[PDB]
Structure formats: structure tokens, C-alpha cells
């Protein structure tokens, strides 16, 4: 009896049903969301949440845009900060504090990101941070400390790749992995208000990755997630979302390590990219649906819900109270990777919260990165093309 079957039964008997459109395809993220919902729906008297999978996040934004064109929107959806800026163009979003949802205690790294013109429009829900995954066994085998600096990280990848006859730093050639190198080389996407994709720190970041392919220390992954490719050739390291934790744990045939990111110096860890989503509440929803959403949002921000969701997934607990919950404490005392995830969440950067950013990051910036890595395009030429295509897209709206 699958949690989604139990939810279908709950919603059938309910007097009111708030749909929640999401981008979890399966694994621990989809399961944790549904177990949370089952427990919520049990607690209510004929008022229920119905999670509806819409594919991935890009499929979810496409289906939400189509739902507006049809005039049939869900009560709630997942939304990254760029999707919030898009939905605010249509004044489609209910301010969260208008429902009476208390947000005291929500980590300000997460709450500042959902605040637009001083108004909170989203509840942080599944917020990830990039971490350093590694092969504890392969580092021990060659006497290599877990690198704390970018310099150390490059040296380790060179040493281990030479020892093992193959590139040990695995990466997707995408905007998320670029962001780690960009940010920690001192890059910023906004210069005096303007989006800039071809800055010298962008060129430096893409050049480092392309040189790591050429020098035989970096392995581009082109088919599936890094965790779906383990087993083929030697693996030492990747830089990847904390929501990958359970997928890495299931796939790895070696002893898996999680570390804080290599930074410019030992003074501080490297910044990680914040990914994952907020829950938003649509204005088009019925007052009765919005009251369900208010209850469900106060449930999701409860310390026990935050403790169960974060320990099941490797998402970052979004509240201070979650770290004080005994279920979280018992997990963390048995598994030091939860503390390492939280520690990394202190050193956290976001991508621009622009309405156009989904298209930009995938179809323009993502594409320039694949052109340089997979087709050996000059990094500067590839990013100059991305700059002009982004400038054309921004000016057209």
C-alpha cells in the first residue's frame, strides 16, 4: 500500500482538498513529502493535501504556466526564487503572513530569498546546499587529506587521477556546478543591477573545468546523475546538492564521505549553491483551500516535520527549532553528515531571482558550459555568446 494510494483514499473522503504540485520524481524526496502529507491528512477532519507530481522542476514550471492559461491553478506548488519573481509579474501569489503563518525561527538565508519588496511570498520547504561528496577509501588508499582549499582540491584530483589512470573529479557540465567554481573565484552575476555571464571570474571558472578535462583529472558526466554513473572508473570527488545524499548512499560501493566545500583559504569553507524550492500559495485558490494550505505550512515548519524531512533526504532543516528536536538529534548523533550539511548551509549563495532565469541557466548559460566542456569551445567565446543571448532575452520583455 503506497503512500500515494493512502493519500488518494484520504482525499476521496475529504470535504476540501488543496493540491500541491511538485517536482519530485521518486527516491527519498518524493517518499518524505508523501509520508509528511499522510500524517497531515490523518490529523485533519476531512481537510486534505493532494500532492501531484508534474515531472521535474522545469516540467512543473511549464505545467504551472499552462494551468494559468487554462485558469485552473493548484492551491500550492514548489517554486525556486526565480519562479517566485515570475509568478509575482502576474500577481498570482498570496503573501504568506496574510494567512497568519508564523515565520519566526526560519533561517534568514532562506527567508530573505522568499522576501520581495519586503513581503514573504514563499515558505522554505526543500532547501539544498552543495557539498563535497568523496570516496573515503580512495583518498585513504593514496594518503590524501580531504581538501579544504580549491588549490588543495585541484592538487588532490591531479594526484589521485595520475595514481588511478583516470579522472577522479566527476561533474555535470551545467550551471549548478559552474556556480560553485564561479562564486569561489570571486564571481558575481549582478554588476550594478545588470546580469553578467562573461565576467573574468566566469571565464576563469569555465577555463578551470575545461583544463581539468584536458589534463585528465575532471570527468564530464553526460548521461544521468553522477550517483547513477558510480561503478564505471575511479571516483574521488564531486560537488553536488545535499538532496543527492540518499542516492549516493544507495549507489556507492565504497565508503561515502561528505565534507564542507573547498574555499579560497582555510579561513572559511567555500560557498555552496542553494537549490530546491519554496512552497507558494496561489491567489486563485478558494478561501477553504488557503486555510488547508495555512495548516499544512505550519505543519511543514514544525520542528518534528523539519527533523523527519531533513534526516530522510539531506535537505537543510529550514528552522532553528528543527536542530533542537530529539528525532533530529538522534540522527545527527549517529551520522556526522547531517551536522556537515548544516555547517555548509552557513556558507550559502543564490543565483539571480530573475523571471527569465530558468530559461537563462538551462538554455543559454548551461548550453555555453556544454559547448566549452563537450565541444571544446573557447570559454570566453562561449560565454560572450551566452551574454548576448541573455541580453536579447532580457530586453525583449
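Residue numbers count along the first chain shown, from 1.
> Got a sec? Mean C-alpha B-factor, which is higher, 344-352 or 29-37?
Taking the mean B-factor of the alpha carbons in each, 29-37 is higher.
> Taking the mean of the C-alpha B-factors per stretch from the entry, tell me the winner out of 292-300 and 239-247.
Looking at the record's C-alpha B-factors, the answer is 292-300.
> Whose C-alpha has the highest temperature factor in the PDB entry: 325, 320, 204, 81?
Result of the comparison over 325, 320, 204, 81: 320.
> Name the one of 311, 199, 232, 277 with the greatest CA B-factor according to the PDB entry.
That would be 232, according to the entry.
> Sorting the chain's CA B-factors, does residue 287 end up in the lowest, middle or highest third?
Tercile = highest for this residue's CA B-factor.
> Once the chain's modelled residues are ordered by C-alpha B factor and cut into thirds, is residue 121 in the lowest, middle or highest one?
Middle third.
> Is the Cα B-factor recorded for residue 167 in the lowest, middle or highest third of its chain?
Lowest third of the chain for residue 167's C-alpha B-factor.
> When the deposited Cα B-factors of this chain's modelled residues are ordered and cut into thirds, is residue 89 in the lowest, the middle or the highest one?
According to the entry, residue 89 has a C-alpha B-factor in the chain's highest third.
> Is the Cα B-factor recorded for residue 152 in the lowest, middle or highest third of its chain?
Ranked within chain, residue 152 CA B lands in the middle tercile.
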